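> Below are the structure tokens for one structure; questions will follow.
Protein chains: 2
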Amino acid sequence: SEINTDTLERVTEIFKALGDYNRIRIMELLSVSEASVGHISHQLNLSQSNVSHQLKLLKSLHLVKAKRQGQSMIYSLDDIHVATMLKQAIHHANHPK
Amino acid sequence: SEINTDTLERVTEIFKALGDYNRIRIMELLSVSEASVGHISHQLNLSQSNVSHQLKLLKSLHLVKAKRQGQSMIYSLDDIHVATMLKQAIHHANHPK
Ligand SMILES: [Cl-]
Ligand SMILES: [Cl-]
Ligand SMILES: [Cl-]
Ligand SMILES: [Cl-]
Ligand SMILES: [Cl-]
Ligand SMILES: [Cl-]
Ligand code: NA
Ligand code: NA
Ligand SMILES: [Zn+2]
Ligand SMILES: [Zn+2]
Numbered sequence: 006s007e008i009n010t011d012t013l014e015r016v017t018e019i020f021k022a023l024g025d026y027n028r029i030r031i032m033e034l035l036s037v038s039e040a041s042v043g044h045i046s047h048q049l050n051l052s053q054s055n056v057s058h059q060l061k062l063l064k065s066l067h068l069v070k071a072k073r074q075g076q077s078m079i080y081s082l083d084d085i086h087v088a089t090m091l092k093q094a095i096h097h098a099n100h101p102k
Numbered sequence: 006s007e008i009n010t011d012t013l014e015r016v017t018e019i020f021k022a023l024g025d026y027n028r029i030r031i032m033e034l035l036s037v038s039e040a041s042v043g044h045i046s047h048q049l050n051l052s053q054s055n056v057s058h059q060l061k062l063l064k065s066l067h068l069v070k071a072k073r074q075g076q077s078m079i080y081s082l083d084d085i086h087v088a089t090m091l092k093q094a095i096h097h098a099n100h101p102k
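Sequences listed follow chains A and A', in order. A prime marks a further copy of an entry chain. Offset between the first sequence (1-based) and the entry's author numbering: plus 5. Offset between the second sequence (1-based) and the entry's author numbering: plus 5.
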């Protein structure tokens with residue numbers, strides 16, 4: 006329950022932030038496997054500056070989280086709701102209509 | 006599987022279209038119960054013109070569908086992936102961090 010105006014505004018901000026091709030590419034990468042900024046940048050052919058900027062935004066909205074491992078920051082989808090939202094959307098885009 | 010560039014572009018368009026407060030309100034209403042344009046308009050205090058415009062957009066992206074019942078067009082979330090995506094996002098926005 007607890008669907009009030011504030012909730013739907015935050016939901017709106019989540020979808021607004023995800024309405025970005027490169028952010029979707031970052032999120033899909035993290036949906037397959039957690040990764041560092043250097044690995045995301047290398048895999049997607051995006052600069053480390055840019056990846057870091059987008060991940061600061063995604064983190065502020067609780068869409069990714071980060072932990073320090075050895076020397077680096079490892080990012081992941083924040084929790085199972087974010088993973089489920091994303092994978093359900095990808096499958097829906099993919100399956101025939 | 007089948008995560009290619011086209012898929013992620015369509016995913017991007019889905020999240021872009023959902024990055025809209027009133028469209029989120031329409032989608033949440035439909036997530037509770039299917040409804041006609043007149044009922045959506047009345048419940049959300051949005052004009053029928055506007056509701057109809059937003060639903061044409063949401064339908065073109067396979068996010069809602071419509072059936073004719075009696076005299077009116079009844080809209081609903083397109084399938085279970087759309088409902089799941091939306092409700093998971095709402096819950097994630099709601100729960101504590
Ligand atoms: Cl992982
Ligand atoms: Cl870049
Ligand atoms: Cl399916
Ligand atoms: Cl229903
Ligand atoms: Cl209006
Ligand atoms: Cl939970
Ligand atoms: Na995936
Ligand atoms: Na709901
Ligand atoms: Zn589907
Ligand atoms: Zn969550």
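Where a beta carbon is used, it is the ideal one built from N, C-alpha and C, also for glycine.
Going by the beta-carbon positions, is the gap between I19(A') and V16(A) smaller than 9 Å?
As a working note, residue 19(A') is residue 14 in the second sequence. As a working note, residue 16(A) is residue 11 in the first sequence. Cβ distance not < 9 Å, so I19(A') and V16(A) don't count as in contact.
> Look up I8(A) in the DSSP assignment and say whether it is helix, strand or coil.
In the first sequence, counting from the first residue as 1, residue 8(A) sits at position 3. In the structure shown, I8(A) sits in coil (DSSP, three-state: anything other than H, G, I, E or B).
> Rounded to whole angstroms, what is the Cα-Cα separation between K64(A) and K21(A)?
Looking up residue 64(A) in the first sequence gives position 59. Looking up residue 21(A) in the first sequence gives position 16. So the alpha carbons of these two residues sit roughly 14 Å apart.
> Contact criterion: CB-CB distance below 9 Å. Does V69(A') meet it with respect to chain A?
Stepping through the second sequence from its first residue, residue 69(A') is reached at position 64. So, not an interface residue.
> Could you check what DSSP says for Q74(A') in three-state terms: helix, strand or coil?
Start at 1 with the first residue of the second sequence, and residue 74(A') comes out as number 69. In the structure shown, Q74(A') sits in a strand (DSSP, three-state: E or B).
> Quick one: which chain A' residues come within Cβ less than 7 Å of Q93(A)?
In the first sequence, the residue the question calls residue 93(A) occupies position 88. Simply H86, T89, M90.
> List, in chain order, every chain A' residue whose beta-carbon is nearer than 7 Å to that of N99(A).
Here residue 99(A) refers to the residue found at position 94 of the first sequence. Under the 7 Å cutoff, chain A' gives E7, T12.
> Establish whether the CB of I19(A) and some CB of chain A' are separated by less than 9 Å.
The sequence position of residue 19(A) within the first sequence is 14, counting from 1. Yes, contact with chain A'.
> Enumerate in chain order the residues of its own chain whose CB-to-CB distance from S57(A) is below 8 Å, with the five nearest sequence positions on each side excluded.
Numbered from its first residue, the first sequence carries residue 57(A) at position 52. These residues qualify, in order along the chain: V42.
> Would you say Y26(A) faces chain A', with C-beta separation under 9 Å as the test?
Taking the first residue of the first sequence as position 1, residue 26(A) is located at position 21. It does; some Cβ of chain A' falls within 9 Å.
> In this structure, does DSSP put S36(A) in helix, strand or coil?
Your numbering for residue 36(A) matches position 31 in the first sequence. Of the three classes helix, strand and coil, the one that applies to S36(A) here is helix, per DSSP.
> Quick check on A40(A) - is its C-beta less than 9 Å from some C-beta in chain A'?
By one-based count along the first sequence, residue 40(A) stands at place 35. Not an interface residue.
> On the criterion of 16 or more Cβ atoms from any shown chain inside 10 Å, does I85(A') qualify as buried, or is it exposed?
Within the second sequence, the letter at position 80 stands for residue 85(A'). Burial call: exposed.
> When you compare the CB of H47(A) with every CB in chain A', is at least one pair closer than 9 Å?
Sequence index remark: in the first sequence, residue 47(A) carries index 42 (1-based). Cβ-Cβ to chain A' under 9 Å: no for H47(A).
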